[PDB]
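>
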Amino acid sequence: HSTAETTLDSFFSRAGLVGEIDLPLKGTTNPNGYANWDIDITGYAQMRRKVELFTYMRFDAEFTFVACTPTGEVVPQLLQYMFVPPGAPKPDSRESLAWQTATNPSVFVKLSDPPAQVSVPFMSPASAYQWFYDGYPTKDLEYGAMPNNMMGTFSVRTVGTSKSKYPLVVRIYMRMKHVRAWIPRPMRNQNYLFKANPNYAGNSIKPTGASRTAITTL
Amino acid sequence: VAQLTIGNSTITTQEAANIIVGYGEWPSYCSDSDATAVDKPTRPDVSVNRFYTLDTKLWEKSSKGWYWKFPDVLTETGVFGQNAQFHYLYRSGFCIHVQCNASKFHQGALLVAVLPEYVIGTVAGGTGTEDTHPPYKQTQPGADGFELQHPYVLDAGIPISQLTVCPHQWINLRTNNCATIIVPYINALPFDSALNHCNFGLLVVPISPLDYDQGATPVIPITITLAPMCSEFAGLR
Amino acid sequence: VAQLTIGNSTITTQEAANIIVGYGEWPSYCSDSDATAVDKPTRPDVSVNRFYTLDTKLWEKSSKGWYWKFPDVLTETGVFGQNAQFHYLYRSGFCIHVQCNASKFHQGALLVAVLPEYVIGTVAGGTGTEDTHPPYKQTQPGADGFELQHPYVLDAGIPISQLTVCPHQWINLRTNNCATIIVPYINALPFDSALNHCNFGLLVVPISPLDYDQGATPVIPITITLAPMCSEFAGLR
Amino acid sequence: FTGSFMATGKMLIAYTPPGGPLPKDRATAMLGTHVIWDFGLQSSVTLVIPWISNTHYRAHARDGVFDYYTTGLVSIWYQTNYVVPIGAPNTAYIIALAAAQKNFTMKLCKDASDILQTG
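Protein chains in written order, with PDB author numbering: chain A, 73 to 210, 218 to 297; chain B, 13 to 249; chain B', 13 to 249; chain C, 121 to 239. A prime marks a further copy of an entry chain.
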């Protein structure tokens, strides 16, 4: 008799992994013991098609950070997770003064200390993050680019002047809280090709679902 | 039957089929305590809000479907295409009316719907490895509209078998010819560029193919008459 | 639909289209203080005032038009053609009814009008130098009527594009089949010879030619039923 | 419209006030006083011509004639094509009747005619 499971907030909560940062010792991958992750909620595979059910949404997001070594081991290393709100400048080097700007919130936590956890608000200047945009921001390479959907950047790094002594892996989960949505639209039935556009594969156009032999044989 | 007039524009239509008011809201205006209470947004009444009757597209057995972008279909046309260009912001509604003129001997079905932020995704090179952005003639096809090429995915990788989730109305030839819809301004913002952003798009696809025996006129003139509702502008140039 | 009866004459017609009462006057009678208060003019009620249904003329693509003279069309027929001849004076009115029996697949238009003192002027020899007086078969064509030869000038040197200035009614096949008119006695005199003078003439011309695809019946039976109204006679012989 | 009863379509009858030039096409005519006539719904349609005045004096040849210049313009376009099912003629005719409203007036009798009484 109850229908609470089918509510938007219900449908969307749950922390899902949307990001993973590798900070190896020896590597081609993030060689400066630091990393920048502009916040993308498409990181959770499943997510892209789910949200694209609507045109406009709004929400807050609680992020939780899980860090360890590749073997999934814990170590005595300190860390600085920094959030550079949209508009602020991302650190270009392991010593960019951006690490020290007070207006870039930063939370320091030892790897041993349980996961750090913070809530980020509805950034967007528009009244809602909107998934589709039928225009260009004042044949062009800027079609469907709704700009005002930036959530920020998350700069991660070992604390200290010198390189960290260990190989590290940060994972970023994200629970979506207080979700409101508008204008529903046809569920993506075609495979996704790019992060920006609905561009599909005009060759491999597949029927929405399974097929059969005759409209009389079940 | 009975004819209605809004200015110098006089269309002949049926008494009053069932209209579809998109999302139950009526294209109303924007009150005084908004973001621009300094530059009073002038609300075009005179001729700006009247009947525009577009180049009637012809239905065929082989037709795939058609779509127009808004407010793009008019930013070209008339004294509204005058304000849409030489004005900085815009908010409008639309009384869209689609009609077919066919005998009781042709058969078919047209699904007529409105889709906000209708972003056209092209084919992408074929194999999927070309990040081709649709041209400007596909993104904003003027008042001549444009023909879907992949009606099944609405040229955007989405099943049309689900488009009914948008404001829509059917045009079954054996039951009706006229189909009408009322659209309220929809966007994440109270105002927006009437040139750089097409709030929505009018889609009219033949779901049951047009057919007729040999001899009957092979085409069905689909006439799209539409008119702005409680439309608003702001910041002349 | 519903059928009306005046004596032994029972015609099947439509409920009541729009009738045309020629010059707004109703064929009434002539009061006691007239020119012949001695020889009381007996007013035929019984069978004299009933439905006469004439030999249905057949419409064709090539038809020019038709005209009958009054009271000539009946001075031949029935018990009114009995009084019209063996009586010295006459005054009458007429409920004229013209019908077409054609499918929704034939197309055409008939203008049906009444013209007082319809004097037929012939062609006059051709070049114009022969003062030929129309025969007696053209001047008073009986109940078989007669075909105009020069419909454009109504065989009288007058544009038909102006005939609508007389009591008239239209018979557009796509809108109606029946057309009705009520004529009041009209003459410079209260009474007059029912044989030597045709007060008026019934004109029914095809203005939009009859057409139809091959297969549809090529002719449209035009049935003219008419009946006398408040008719009066005086002076038996 | 005196065509088959099985026919439908739409016509765009536009009036281009005195001075205004005949619209280039159906689209530009669609922006000025016009009427979409669906001879599929109504067999008849009436248009009112707001005003015409033959009063501007012209002394051209040597014969001073009082002429319009108020040549209003009535254009008629095929808004849609003529749709007719099998078995119905692919051509209908239309009759146009005219008359002047009640606000009409005339001034200055001028007996004139090509047709006079012959010898």
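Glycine residues also receive a C-beta, built at the ideal position from the N, C-alpha and C atoms.
Closer than 6 Å by C-beta to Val50/B: which residues in its own chain qualify, once you throw out the five before and the five after it? Chain order, please.
Cβ neighbours of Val50/B beyond the five flanking positions: none.
> Within this structure, are the beta carbons of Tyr128/A and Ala136/B separated by less than 7 Å?
No, they are not a contact pair.
> Measuring straight from C-alpha to C-alpha, what distance separates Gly239/C and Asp143/B'?
Roughly 14 Å separates the two Cα atoms.
> Looking at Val195/B': is its Cβ nearer than 7 Å to the Cβ of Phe106/B'?
Yes, they are a contact pair.
> Does the distance from the C-beta atom of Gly77/B to that of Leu160/B stay below 7 Å?
The answer is yes: Cβ separation under 7 Å.
> Pull the bridge partners of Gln15/B' from the DSSP assignment, please.
Looking at the DSSP assignment, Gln15/B' forms a beta bridge with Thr24/B'.
> Which stretch, first to last residue, makes up the beta strand (DSSP E) that contains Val123/A?
Counting along the chain, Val123/A falls outside any beta strand (DSSP E), though it belongs to the alpha helix (DSSP H) covering 119-123.
> Pick out the complete beta strand (DSSP E) segments inside the stretch 45-91 of chain B, 3 residues or longer, and give them in chain order.
Within the stretch 45-91 of chain B, the complete beta strand (DSSP E) runs of at least 3 residues are 64-71, 78-82.
> Should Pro186/A be labelled buried (16 or more other beta-carbon atoms within 10 Å of its own) or exposed?
It counts as exposed.
> So, are the CB atoms of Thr24/B' and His109/B' less than 7 Å apart?
Not in contact: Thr24/B' and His109/B' (Cβ atoms no closer than 7 Å).
> Would you list, in chain order, the members of the stretch 82-93 of chain B that have their beta-carbon closer than 7 Å to a beta-carbon of chain C?
Listed in sequence order: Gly90.
> I'd like to check one pair, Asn61/B' with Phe245/B': are the Cβ atoms closer than 7 Å?
Their beta carbons are not under 7 Å apart, which means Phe245/B' does not touch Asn61/B' by this criterion.
> Just to check my reading of the structure: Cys210/B' and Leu127/B' have Cβ atoms closer than 8 Å, yes? What is that Cβ distance to the nearest angstrom?
No, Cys210/B' and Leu127/B' are not in contact; Cβ-Cβ is about 10 Å, not under 8 Å.
> Can you name the residues of chain C whose CB is closer than 8 Å to the CB of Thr229/B?
Those within 8 Å of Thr229/B in chain C are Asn201, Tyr202, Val203, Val204, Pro205.
> Going by C-alpha to C-alpha distance, which of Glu88/B', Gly19/B', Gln174/B' sits closest to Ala219/C?
Closest option to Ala219/C, Cα to Cα, is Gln174/B'.
> Quick one: measure Cβ to Cβ for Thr232/A and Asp94/A, integer angstroms, because I've assumed they're closer than 8 Å.
Actually they are not in contact, since the Cβ atoms of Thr232/A and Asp94/A sit about 17 Å apart, beyond 8 Å.
> Give the range of the alpha helix (DSSP H) segment to which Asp81/A is assigned.
Where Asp81/A is concerned, the enclosing alpha helix (DSSP H) stretches over 80-84.
> Does the Cβ-Cβ distance between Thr200/C and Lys144/C come in under 7 Å?
Not in contact: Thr200/C and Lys144/C (Cβ atoms no closer than 7 Å).
> Using 7 Å as the threshold, is the C-beta distance between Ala280/A and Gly140/B below it?
Result yes, Cβ atoms of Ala280/A and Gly140/B sit closer than 7 Å.
> What whole-angstrom Cβ distance do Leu222/B and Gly120/B have, given they're in contact under 8 Å?
About 4 Å separates the two Cβ atoms, so the contact holds.
> Can you grab the Cα-Cα spacing for the pair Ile133/C / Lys81/B', in whole Å?
Looking at the two C-alpha atoms, the distance is approximately 41 Å.
> Can you tell me whether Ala149/C is helix, strand or coil according to DSSP?
Of the three classes helix, strand and coil, the one that applies to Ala149/C here is helix, per DSSP.
> Step through the CB atoms of chain B' and report whether any lies within less than 7 Å of the CB of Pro141/C.
Answer no: the Cβ-Cβ gap between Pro141/C and chain B' never drops below 7 Å.
> Which residues in chain A sit within 9 Å of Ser173/B, going by Cβ to Cβ distance?
Residues of chain A passing the Cβ test: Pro265, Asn268, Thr287.
> Beta-carbon within less than 7 Å of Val165/C's beta-carbon, same chain only, minus the 5 sequence neighbours each way: which residues are those?
Closer than 7 Å at Cβ, skipping near neighbours: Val155, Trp157.
> Determine, using beta-carbon pairs with one atom in the stretch 142-159 of chain A and one in the stretch 177-192 of chain A, whether at least three such pairs fall under 8 Å.
At 8 Å Cβ cutoff, the stretches touch.
> Taking one C-beta from the stretch 26-39 of chain B and one from the stretch 64-78 of chain B each time, how about it: are there three or more such pairs within less than 8 Å?
Not touching, per the Cβ criterion.
> Buried or exposed: where does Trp203/A fall if 16 or more other Cβ atoms within 10 Å of its Cβ makes it buried?
It is buried - the Cβ of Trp203/A has at least 16 other Cβ atoms within 10 Å.
> For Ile215/C, which residues in chain B' fall below 7 Å Cβ to Cβ?
Within chain B', the residues near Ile215/C are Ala121, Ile219, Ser220.
> Evaluate the contact criterion for the stretch 135-143 of chain C versus the stretch 223-230 of chain C: three or more CB pairs, one atom per stretch, below 8 Å.
Segments in contact, no.
> Entirely within the stretch 139-194 of chain A and at least 4 residues each: give me those alpha helix (DSSP H) ranges in chain order.
If we require 4 residues or more, the stretch 139-194 of chain A turns out to have no alpha helix (DSSP H) run fully inside it.
> Indicate whether at least one CB of chain A lies closer than 7 Å to the CB of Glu129/B.
With 7 Å as the cut-off, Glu129/B counts as an interface residue toward chain A.
> According to DSSP, what are the bridge partners of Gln181/B?
Answer is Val124/B.
> Mind checking whether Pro202/B' and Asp46/B' have CB atoms under 7 Å apart?
Cβ atoms of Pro202/B' and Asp46/B': closer than 7 Å.
> So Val124/B' packs on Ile183/B', CB below 8 Å; how close in whole Å?
6 Å between Cβ atoms; contact.
> In whole angstroms, what is the alpha-carbon distance linking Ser199/A and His118/B?
The alpha-carbon atoms of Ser199/A and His118/B are separated by roughly 48 Å.
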